[PDB]
Amino acid sequence: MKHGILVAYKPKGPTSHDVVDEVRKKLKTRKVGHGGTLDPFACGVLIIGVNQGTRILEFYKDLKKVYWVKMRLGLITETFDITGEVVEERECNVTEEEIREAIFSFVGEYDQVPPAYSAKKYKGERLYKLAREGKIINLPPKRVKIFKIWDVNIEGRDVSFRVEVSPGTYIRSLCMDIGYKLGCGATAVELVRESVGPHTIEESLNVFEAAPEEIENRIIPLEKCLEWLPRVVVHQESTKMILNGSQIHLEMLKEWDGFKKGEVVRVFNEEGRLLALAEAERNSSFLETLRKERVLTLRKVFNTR
RNA sequence: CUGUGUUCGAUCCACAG
RNA sequence: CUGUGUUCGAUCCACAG
RNA sequence: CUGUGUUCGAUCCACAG
């Protein structure tokens, strides 16, 4: 029984949960989830968590993503994408030059209003369910960050480019906003998530065409997940303790790799096994122990694996 | 269970209570 | 170590809903 | 939140033997 992360590739068409169902089917495993939804009209990297691996999916919410969109100027739909019923389809009269200005004025952070067709909740209900009911909601804007936009290609009302964004950013909203700047509206017609954090589309596995054995070999085990988080090893004797829920004290330790207080770090078994993820109670340099323990606070323990 | 989250058809995953 | 914790003493894990 | 966990799964505290 494997535990870990799978960098899946979702083709255009399937819902993100369809991908999860393909993995549950091929691996004959019930515990599967994803770490960030990709709309049905889009394709690209979709992080999949298997077994105990579902327990570290939360860590993918805070990573940066890189997107390659193509939008059509002068077109507006209800969903903000090509699958939505068209609400308006005018002829945007703008020059490559303004278009260029409007797209790069978004660079830097700004306050983005999420699409009515989204997974946000309003009084216990999904916003895309209320929208199908015809209740179009405009939630408060969220502080978003567009780190950079490159590979811009224009031709007609067809504009495309790549963009690295912060967590919580909707490309569909971005396209509509740029269109608003140009004052004519724009709608996303193709969207490709080329990366989520360190995981790229080049390493993604299309689970729909892969046989169960390769999907299986493709799973990244826990010990190799969240490699961007600082490591920490404990004495091969302290393992059973930790696995029992024992917090971590200076006593039970060994080697560490520096960590700013509050930092989430992964506790290793010095035999390699990942025992748990814990939070830093202080800065790791304070080897000052002329006396007294308490060091890392238990966040998640990987019992039974 | 209730709630929230994730780029929209997670009741299915996560997190909080 | 054994008993009791006065309405299942406190708390940490994990699993389930 | 509500339940579960071979002296508790693990650690404490208060009383007494």
Side-chain angles (χ1 to χ4, degrees), chain A residues 5-6 10 13-25 29-69 77-84 112 114-133 136-137 139 142 144 146 163 165-176 188 191-194 196 238-249 267 275-278 293-294 296-305:
Chain A
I5 294 303
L6 173 73
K10 180 189 97 62
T15 60
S16 296
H17 209 280
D18 280 337
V19 175
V20 172
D21 297 331
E22 184 71 6
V23 175
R24 285 177 48 201
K25 179 181 64 175
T29 287
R30 38 295 199 65
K31 255 299 194 299
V32 177
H34 63 73
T37 314
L38 210 46
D39 296 334
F41 92 111
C43 60
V45 180
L46 176 73
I47 305 296
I48 293 291
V50 184
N51 294 151
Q52 285 301 105
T54 68
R55 304 187 67 203
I56 62 174
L57 286 171
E58 80 170 87
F59 289 103
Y60 289 86
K61 170 183 183 172
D62 311 66
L63 302 182
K64 299 188 184 188
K65 288 70 180 183
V66 176
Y67 284 97
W68 171 102
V69 62
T77 71
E78 300 158 39
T79 69
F80 281 6
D81 68 29
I82 196 61
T83 69
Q112 192 185 61
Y117 281 84
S118 58
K120 311 287 194 190
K121 297 296 245 59
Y122 169 61
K123 304 214 291 184
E125 299 258 54
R126 296 288 181 182
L127 240 70
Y128 50 70
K129 188 278 190 68
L130 296 176
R132 290 183 211 130
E133 279 179 53
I136 308 308
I137 305 172
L139 260 27
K142 182 199 179 185
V144 136
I146 289 190
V163 64
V165 310
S166 73
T169 307
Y170 286 87
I171 305 315
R172 287 181 281 142
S173 288
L174 170 63
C175 293
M176 270 296 281
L191 179 61
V192 184
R193 186 146 69 186
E194 299 182 306
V196 170
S238 306
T239 129
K240 193 174 183 178
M241 276 168 67
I242 303 171
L243 272 48
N244 251 300
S246 299
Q247 298 301 311
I248 300 184
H249 303 74
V267 310
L275 305 169
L277 299 183
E293 48 207 318
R294 21 42 88 169
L296 311 170
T297 290
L298 242 40
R299 195 121 163 187
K300 304 188 177 196
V301 175
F302 293 114
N303 280 6
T304 143
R305 81 153 286 157

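Every heavy atom of this structure was used, including side-chain atoms; hydrogens, water molecules and symmetry mates were not. Proteins get letters first, then strands, A, B, ... in listed order; numbering begins at 1 in each.
Base pair annotation for B:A16 with B:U2: paired, by the Watson-Crick or G-U wobble rule (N1-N3 plus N6-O4 or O6-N4, or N1-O2 plus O6-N3, under 3.5 Å). Nucleotides C:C15 and B:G3 fail to qualify as a pair under the Watson-Crick or G-U wobble definition, as the contacts are not both shorter than 3.5 Å.
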Open item on the list: A:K25 vs A:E22, test: salt bridge (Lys or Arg N to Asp or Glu O under 4.0 Å). Steps then yes/no.
Closed with: CA-CA 5 Å; A:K25 179 181 64 175; A:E22 184 71 6; 3.4 Å; yes

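Around the NZ atom of A:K129, the shell of radius 6.0 Å holds no more than 12 heavy atoms that belong to other residues, nucleotides or ligands.
On the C1' atoms, D:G9 is 8 Å away from C:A14, given to the nearest whole Å. Comparing C:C13 with D:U11, their P atoms are spaced 15 Å from each other, to the whole Å. Going from the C1' atom of D:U2 to that of D:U6 covers 24 Å, rounded to whole Å. Atom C1' of B:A16 sits at a distance of 24 Å from the matching atom of B:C8, rounded to the whole Å.
Between A:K61 and B:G5 there is no side-chain N or O to OP1 or OP2 distance below 4.0 Å. For B:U6, one of the phosphate oxygens OP1 or OP2 lies less than 4.0 angstrom from a side-chain nitrogen or oxygen of A:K120. OP1 and OP2 of C:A14 both lie 4.0 Å or more from every side-chain N or O belonging to A:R305.
Rounding to whole angstrom units, CZ of residue A:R30 and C1' of B:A10 are separated by 19 Å. The nearest whole Å value for the distance from the NZ atom in A:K142 to the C1' atom in B:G5 is 10 Å. Atom CD of A:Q52 is separated from atom P of B:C13 by 13 Å (rounded to the nearest Å). Distance A:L130 CG to B:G9 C1': 13 Å, rounded to the nearest Å. The distance from atom CD1 of A:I48 to atom P of B:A14 is 12 Å, rounded to the nearest whole Å. Across the protein-nucleic acid pair, A:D21 atom CG and B:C12 atom P stand 13 Å apart, rounded to whole Å. Atom pair A:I47:CD1 and B:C13:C1' shows a separation of 14 Å (rounding to whole Å applied). Distance CE (A:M241) to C1' (D:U11): 10 Å, rounded to an integer number of Å.
South is the pucker class for the sugar of B:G9, given a negative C1'-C2'-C3'-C4' value.
Counting all heavy atoms, side chain and backbone alike, A:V45 lies closest to A:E194 at CG2-O, 4.0 Å. Nearest heavy atoms, A:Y60 versus A:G35: CB-O, 3.9 Å.
If you check B:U6, B:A10, D:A10 against the side chain of A:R126, the one that comes closest is B:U6. For A:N244, counting side-chain heavy atoms from C-beta on, the closest listed nucleotide (B:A10, D:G9, B:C8) is D:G9. Nearest to the side chain of A:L57, among B:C13, B:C8, B:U4, sits B:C13. When distances run from any side-chain atom of A:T15 to the nucleotides B:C8, C:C12, B:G9, the shortest one goes to B:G9. The side chain of A:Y170 lies closest to B:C8 when the candidates are B:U6, D:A10, B:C8. Among the nucleotides B:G9, B:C13, C:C12, the one closest to any side-chain atom of A:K31 is B:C13. Relative to the side chain of A:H17, the nucleotides B:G9, B:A14, B:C12 differ in distance, and B:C12 lies closest.
Of the two residues near RNA chain B, A:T83 and A:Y122, the one whose nearest nucleotide lies more 5' is A:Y122. Where A:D18 and A:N51 each meet RNA chain B at their nearest nucleotide, the meeting point lying more 5' is that of A:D18.
A:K129 comes within 4.0 angstrom of no nucleic acid atom, judged by non-hydrogen atoms across all strands. A:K240 comes within 4.0 angstrom of nothing in the nucleic acid, heavy atoms only. Residue A:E125 is classed as having no contact, given no heavy-atom separation below 4.0 Å to the nucleic acid. Nucleic acid contact for A:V32: sugar-phosphate only, since backbone atoms but no base atoms lie under 4.0 Å from a heavy atom of the residue.
Note that the CD1 atom of A:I48 and the CZ atom of A:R24 stand 11.5 Å from one another [nearest 0.5 Å]. A:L127 CG to A:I136 CD1: the interatomic distance, rounded to the nearest 0.5 Å, is 8.5 Å. Within the model, atoms NE2 of A:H17 and OG1 of A:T37 stand 9.5 Å from one another, a figure rounded to the nearest 0.5 Å. Between A:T54 atom OG1 and A:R30 atom CZ the span is 13.0 Å, to the nearest 0.5 Å.
With a 5.5 Å centre cut-off and a 30° plane cut-off, the bases of B:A10 and B:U11 come out unstacked. Without both a ring-centre distance below 5.5 Å and an interplanar angle below 30°, B:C13 is not stacked on B:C12.
With respect to A:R172, the side chain to side chain donor-acceptor pair (under 3.5 Å) criterion is satisfied by exactly one of A:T77, A:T79, A:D39, A:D81: A:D39.
Within 90° of 0 lies the glycosidic angle of B:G9, which makes this nucleotide syn.
In this structure D:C12 sits in a base pair with C:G9, meeting the Watson-Crick or G-U test at under 3.5 Å.
Between A:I242 and A:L298 there is a side-chain heavy-atom pair separated by less than 4.5 Å.
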What does the list of N/O pairs under 3.5 Å between the protein and nucleotides 15-17 of chain B look like, with a distance for each?
unit_1: B:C15; atom_1: OP1; unit_2: A:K300; atom_2: NZ; d: 2.6

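The base of B:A14 does not come close enough to the side chain of A:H34 for any donor and acceptor atom to sit less than 3.5 Å apart.
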